[PDB]
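In: piece number one of the complex, untouched:
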Amino acid sequence: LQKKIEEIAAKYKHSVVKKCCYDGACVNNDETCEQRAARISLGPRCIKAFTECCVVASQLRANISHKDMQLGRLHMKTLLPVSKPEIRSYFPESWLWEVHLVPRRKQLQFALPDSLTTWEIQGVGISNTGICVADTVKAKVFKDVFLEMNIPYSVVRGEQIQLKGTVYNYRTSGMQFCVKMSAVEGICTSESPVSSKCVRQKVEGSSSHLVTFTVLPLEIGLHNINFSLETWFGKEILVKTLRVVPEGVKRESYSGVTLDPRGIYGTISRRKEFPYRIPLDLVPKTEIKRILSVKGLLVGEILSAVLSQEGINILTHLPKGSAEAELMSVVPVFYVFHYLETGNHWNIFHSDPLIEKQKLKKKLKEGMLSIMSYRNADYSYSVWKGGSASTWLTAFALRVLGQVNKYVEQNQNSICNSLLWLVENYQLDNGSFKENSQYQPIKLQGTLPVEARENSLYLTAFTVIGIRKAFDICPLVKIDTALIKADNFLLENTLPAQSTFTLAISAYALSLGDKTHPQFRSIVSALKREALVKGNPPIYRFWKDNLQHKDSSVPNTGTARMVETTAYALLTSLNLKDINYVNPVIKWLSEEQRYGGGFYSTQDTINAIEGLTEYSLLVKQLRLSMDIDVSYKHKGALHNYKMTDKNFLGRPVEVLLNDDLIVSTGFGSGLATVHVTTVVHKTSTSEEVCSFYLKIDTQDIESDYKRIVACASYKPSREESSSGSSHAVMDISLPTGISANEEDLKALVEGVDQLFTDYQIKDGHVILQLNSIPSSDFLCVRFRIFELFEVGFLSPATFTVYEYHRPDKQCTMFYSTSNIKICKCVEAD
């Protein structure tokens, strides 16, 4: 039986090979053994054992019933791995940490926390005689009759949803109880019993009972429901909230404007109008969410994101699995701190500047110590936890930490080791750099040879940027020689540009270094030729990807690549100290920004924020004294904003009334940024442009459950090759009333046969992150689902696939598990 696999497993006696055999022996009915071995990137060394163990495991599971199918997996679960540190109980944060002075008698008053827990309170007293430890005191908080209600996170109006909960009885003897539901106006209880009577039940001693209720929502997001438990000991009240959302897919449309009456920065802008547009597929009985924010500076939005909100809100909506997202947490805080410190703008605060400076420094340290989880043994940074080290993310995090070292000191040895690893271990003979992992950071235009050449050029220039940023920590000779070699590579093999993105990144990477070489001037002129300009004199000026797209086509829609190239050109112009050419670019970038201050993706966001901050810091800012008033087109007016340098971080006001919006200004200096976001709900995707072939359905198995199978594939454009896509993300919304089985995803992620890089379950969404989605065939995720409670008329959920670094290339489809016909408030008006 299990001895056959154990022979190989305990005979190879290799740390890496043992795990390969272990996850080769895992059950997998959907794909064959060779297909599983195809994805392994560790090399043949354990590919042989993986194939052998998979074959043996498949053979041994033929004649055995459902008794040894668990014995084998539970015997294989041990002695192959050592352990995984994991606790299943959660303990609340301790209280009463104060330090007092006792003059032989003191009394404090407080309240115990709401938790059925045996609190142990202890005290240590120190004085001139010495130290004494007082006797511990035990105080247990215990409620003998309890009611715990299981409330689903979100529901969609139009469903018959039953919510089920538990009545717990800790009394010794038997007891009969009454349970009561309070009905809110916007929810039909399907009986309208409102007292609403009762159905008395009975529970035994030290037992529990299960009680279910059936309801249906009418309004949206009704967070006020009461449950009453009335027993021999009286009546207890329990308050619960329910979040109801409409049908469709959330869609956000953003629009910005920059206002400057004096026209110092190129143009005069006193009035801007955003129309109240109602799209075709607006969900009935759903108001369109509109929010307006006004800030008194270009970096005013970043200041609002960092300072106005105590916690650092994430600028984007991307998943946090990758190390890049965890690193993104520090960038806005750093740029705010850099602007404040270098501009010496500590006088904006009314409180003590030193305390806020120390708090911001501690937040920087927080981010700095949060990124540390991804360091490997050789001080090289891995993209995912336990994955292979990548030079791309190593250079990126090296640049960011070299920035952070300006205000918060870094470990010199760590940066030295990382910077000497990325130079010695991975670098060509001619000066180029090789990637180690398969973390594709960008999909590049052209055919396969052109794709490889542009990938090499982009990676080399990116690494040069990082090294030139983090040189100050560890200035050495070998790394300087490698940097010079890479600079020579860029200089000699950049000019025959294939894509303007690589040309722009190479130009920026060269600008930080030697700017006297004539080839750099030729590169700069070639970049300057490709500029697209709107307005005469130039008011908008930007770049894009120009291989065969040199026809004048401005869709006016910002894309991650477009913003990235524009930001790199902006940084090159700033570093060359050219101000007359730069005003339209900063105007466009300031108009491009979103609510929180973060652009479409991460790598464009960091570069754009750096460009705006450096432009504000270099071009000296003007005194802020300005009057801005926003009013609806036909409806009444709205709050009027009078901003000085003492007040520009005003609270963001949501647009309540429905009308076209007009923002007007008087005579005043400075710059103002006005950004309007529009969150709306849609019922279809036919209008959108899809770029991924998708198909998701539900199957049934044989204890038997339901299974969900989704499949996605890439559709390359005419310019792109057929190698696939870059790092991609698949999002599956789940229908209300069911949950996703975590064991299947843990199997699909935590093995050497990883079909995906990371998985997570947040807010009723299953999010998976993968290195590449093939274009030739379909790649499919498959997992069981569990029915949490019975629901009826359930609304369909969504299935989205999008590239990580350019979310524009996305495709969404509506799907549902099953829909079969089922009088109690069923018709929702």
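Out: Thanks, I have it. Numbering: from 1, shown residues only, chains lettered A, B, ... in the order given.
In: Just give the nearest non-adjacent residue to residue A:144, would you?
Out: Spatially, and ignoring its direct neighbours in sequence, residue A:144 is nearest to residue A:170 (4.5 Å; CB to CB, 6 or more residues apart in numbering). C-beta: built from backbone N, CA, C; applies to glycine.
In: can you tell me how far the one you found sits from residue A:194?
Out: Distance, residue A:170 to residue A:194, using CB to CB, to the nearest Å: 31 Å.
In: More neighbours: which of those two?
Out: Set side by side, residue A:170 and residue A:194 show more neighbours around residue A:170, with 14 against 10, by other CB atoms under 10 Å.
In: Looking at chain A, which residue reaches furthest from the middle?
Out: residue A:129 (55.3 Å; CA atoms, centre = their mean).
In: so what's the residue nearest to residue A:144 up against?
Out: Taking CB atoms under 8 Å, 6 or more residues apart in numbering, we find residue A:170 in contact with A:142, A:143, A:144, A:145, A:146, A:206.
In: how much space between the fifth one and residue A:163?
Out: The one in question is residue A:146. Applying CB to CB to residue A:146 and residue A:163 gives a distance of 17 Å.
In: okay, these two: which has more neighbours?
Out: In this view residue A:146 and residue A:163 are compared by other CB under 10 Å, and residue A:163 has more residues nearby, 20 against 16.
In: what about residue A:365, how many neighbours?
Out: For residue A:365, using other CB under 10 Å, the count is 13.
In: Let me know whether my guess that it is in a helix holds.
Out: Yes - under DSSP: H, G, I helix; E, B strand; the rest coil, residue A:365 sits within a helix.
In: what residues are up against it?
Out: Applying CB under 8 Å, 6+ apart to residue A:365 gives the contacts residue A:408.
In: include chain B as well:
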Amino acid sequence: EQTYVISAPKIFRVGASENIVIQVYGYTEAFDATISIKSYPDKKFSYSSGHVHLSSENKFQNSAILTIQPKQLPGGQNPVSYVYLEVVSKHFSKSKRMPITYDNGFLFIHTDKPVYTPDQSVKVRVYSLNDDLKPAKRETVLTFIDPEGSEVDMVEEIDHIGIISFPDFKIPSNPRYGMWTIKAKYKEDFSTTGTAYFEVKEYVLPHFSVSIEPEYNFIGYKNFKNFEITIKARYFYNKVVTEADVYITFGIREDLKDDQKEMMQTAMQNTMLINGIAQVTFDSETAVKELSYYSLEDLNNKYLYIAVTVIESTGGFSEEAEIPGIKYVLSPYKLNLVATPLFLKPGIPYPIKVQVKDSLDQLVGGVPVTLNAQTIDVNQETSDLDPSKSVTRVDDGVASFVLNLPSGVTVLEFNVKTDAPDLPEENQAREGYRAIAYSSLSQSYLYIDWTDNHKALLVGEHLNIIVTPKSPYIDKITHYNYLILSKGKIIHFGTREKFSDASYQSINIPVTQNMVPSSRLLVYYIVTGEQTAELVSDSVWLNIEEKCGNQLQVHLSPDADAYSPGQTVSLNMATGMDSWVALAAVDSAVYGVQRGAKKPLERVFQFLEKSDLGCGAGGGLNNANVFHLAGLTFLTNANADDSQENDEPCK
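Out: Next up, chain B placed on what we already have:
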């Protein structure tokens, strides 16, 4: 003949007040003497000095309090390792070389919980003390260390009161898991370092709780053939699993700190759990002998690790539980020698007191005890006495023994075992020990003991110690002298007269708050022979009850055991004197395993006791060894102390 004795602690502490005791016998009238401290190379630098005057009203006893100002040492980072101590008087002058060490204070690191999960705040504070167990306001630096061994961040703070509350350490959202370390030290000059550990693990939502319960926490020889293990499965609070499958695996563990273990290839399987309870029987002999060491005596002091897995038949959910180990024992009784020194004085009876404990380190009375002995003389002759038998008491649990051993015996080796009726031969405890005769030139010995049973040594209660000089052939002694040490410093010194009629004399000594945790007593006298004077000394360990100086208490006014959520409560703190209190309210389940739940409050006394420089339970090879074991070093004329080669650890 006149003699002087200078007594000082074995190792000088920088920045601490060391008490140097000068006692001169055989002089008249009065005179002054200076005790100073100088540098090793040239006697140029004088760190400090003390002037003491000896007269009749002072009983020719005097004390000096010397201190090494930490700034007076050379500014270079190279430590100075040796220091001279000099005594200068009108009649005599002497110098000695003494090592010094920089470990001056105590650094206790208190963290609220031993287990954390991601996105949690670690609240850590520090208690800093000096050699006198006082606030000792000094700036403190502490660093955190991840499991890999790389320092994350270092934080500093000044000290005002004695408790240095430091900022929190926000655990990263996706941190590195394992056994994180915290190191604390002083900034400028002292080398004291404190260490703490805390564990970081992810949090998972459990499908249902499974708990294992064994027959006991130990497997004696009763359960070697059959051992009952009960598994309980529950959903939430009192909700119970209805039906499940159960598998169990067993292994042998070397200790509780080794992540590896020798599993068993044959084990019980397929137990049907019904209503959240099932029972299994484990046979150690059958499952171990054929697959591992077959002798039942070889598994002593090594554990039995148990792993259970429960799979719910309906939902298909899987959960696991594990008992890390069960202490195998060959005999339930353990013998430890108490209140007896390991060095015997010839011509005096040698009492032996054994103490019997069960497997749980708890006193057990009524167990018979049997002793056998062998004596080897200076002429290399081995003679065996008759076995001694007694029964231990029920209150103290100590079996008093007496061996009227001859005068010429040099080394006595004795073996002690139990004679319990039920236990068959093999399953009885045994222990052997050796004793070596005190060696003196003038054949002068001394034996002191404090007489009591159920010994507690209540503070404030007088202590009566019997001194028996019965030994010398020149027994013309005028005074006895005694020193009493506690926490490494000489706190008491005195001299008592001798009654020329009776030999054994009772000395009454007060017990004060300066001797609370433990103390050592040393009684000596000088016999004046025709050749030279001779010091003869003996030592005794005095254990005193653990009593604070303030003894604060914290109480809750509604003393009912059960409260209700959100109920207001008042905490009353009462102390015998003004103090500073630091509180901590934690979850009692955070300590998990009820066995071995060690907190900083549990380890504070054991870590604090390290300040006692002496070692052993008393006695000595000779006078020099008696002074060395007690934690003392002396300057006299009768005997020269060999402290040059004496830097050794003791149990």
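In: Check the contacts of residue A:170 one more time with chain B there.
Out: By CB atoms under 8 Å, 6 or more residues apart in numbering or on different chains, residue A:170 lies in contact with A:142, A:143, A:144, A:145, A:146, A:206, B:237, B:238.
In: got the residues of the stretch 701-829 of chain A near chain B?
Out: A:703, A:743 (CB under 8 Å from any CB of the partner chain).
In: any idea how far residue B:604 is from residue A:423?
Out: 51 Å.
In: So if I had to pick from these two, which one is more boxed in?
Out: Set residue B:604 next to residue A:423 and count neighbours by other CB atoms under 10 Å in any protein chain shown: residue A:423 wins out with 22 against 18.
In: Over to the more buried one. Which of the three states is it?
Out: From three-state DSSP, the assignment for residue A:423 is helix.
In: Quick check: nearest residue in space to it, chain neighbours excluded?
Out: residue A:482 (4.5 Å; CB to CB, 6 or more residues apart in numbering or on different chains).
In: Look up phi and psi at the one you found.
Out: phi -60, psi -40 (degrees, to the nearest 10).
In: Can you give me the distance of it to residue A:467?
Out: 8 Å.
In: Which residues of the stretch 401-550 of chain B lie near chain A?
Out: Residues of the stretch 401-550 of chain B lying near chain A (CB under 8 Å from any CB): B:513, B:548, B:549, B:550.
In: residues near the third one, how many?
Out: Right, residue B:549. Residue B:549: 19 neighbours (other CB under 10 Å).
In: Now do the contacts for the residue lying closest to it once chain neighbours are set aside.
Out: Leaving aside its sequence neighbours, residue B:549 sits nearest to residue A:129 (CB to CB, 6+ apart; 3.0 Å). Contacts were defined as CB under 8 Å, 6+ apart; by that measure residue A:129 touches B:133, B:513, B:548, B:549, B:550, B:577.
In: include chain C too:
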Amino acid sequence: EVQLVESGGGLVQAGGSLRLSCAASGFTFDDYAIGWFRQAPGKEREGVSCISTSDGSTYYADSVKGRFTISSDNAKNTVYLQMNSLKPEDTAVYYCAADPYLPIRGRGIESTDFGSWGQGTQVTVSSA
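Out: Alright, chain C goes in next:
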């Protein structure tokens, strides 16, 4: 079989006092709630009082608050209803009943709960 025996009762004058007992048998006594009811001639049955054995908490039926007092005996399985200050309203044949489940209080003992019932004892009070 469970059994409840009512003892006591008789004829009294206005303002008197009387002691009644309900001996219980055939069940686990510590796991029951025991109730005293009354049924006047020509009137519907009414609940009077209840005692919870496991904890000793009591319930009196509003109008009879403080008038009486219920106390059980764990030794002989007999509850006693201390009928003090016998005002002439009662004039009933009071029964004793047992139930393994405690009621909800609130609304009260009414709606004729309890599953095991006794024979009752007649109590009469005269206005003479």
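In: Chain C added, so what about the contacts of residue A:365 now?
Out: So residue A:365 contacts A:408, B:153 (CB under 8 Å, 6+ apart).
In: Now the phi/psi pair for the residue farthest from the centre of chain A, please.
Out: Dihedral angles for residue A:129 - degrees, to the nearest 10 - are phi -80, psi -40.
In: distance between the ends of stretch A:593-602?
Out: 13 Å (CA to CA, to the nearest Å).
In: repeat for stretch A:204-222
Out: Note: stretch A:204-222 ends 35 Å apart using CA to CA.
In: List the buried residues of it.
Out: A:207, A:208, A:209, A:211, A:213, A:214, A:215, A:216, A:217, A:218, A:222 (16 or more other CB atoms under 10 Å in any protein chain shown).
In: does any part of that stretch sit near chain B?
Out: Yes - Stretch A:204-222 lies within reach of chain B by CB under 8 Å from any CB, at A:206, A:207, A:208.
In: I'd like those laid out as a markdown table, including distance to residue C:80.
Out: Putting the residues of stretch A:204-222 next to chain B into a markdown table (distance: CB to CB, whole Å) gives the following:
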| residue | distance to residue C:80 |
| --- | --- |
| A:206 | 30 |
| A:207 | 31 |
| A:208 | 35 |
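In: Sort out which of the buried residues of stretch A:204-222 are in strands and list them.
Out: Under the assignment DSSP state E, the buried residues of stretch A:204-222 contribute A:208, A:209, A:211, A:213, A:214, A:215, A:216, A:217 to strands.
In: Does the fourth one touch residue A:182 like I think?
Out: No - here residue A:213 lies out of contact with residue A:182, judged by CB atoms under 8 Å, at a distance of 10.9 Å.
In: Return the set of residues that bridge with residue A:139.
Out: Residue A:139 has the following beta-bridge partners by DSSP bridges: residue A:119.
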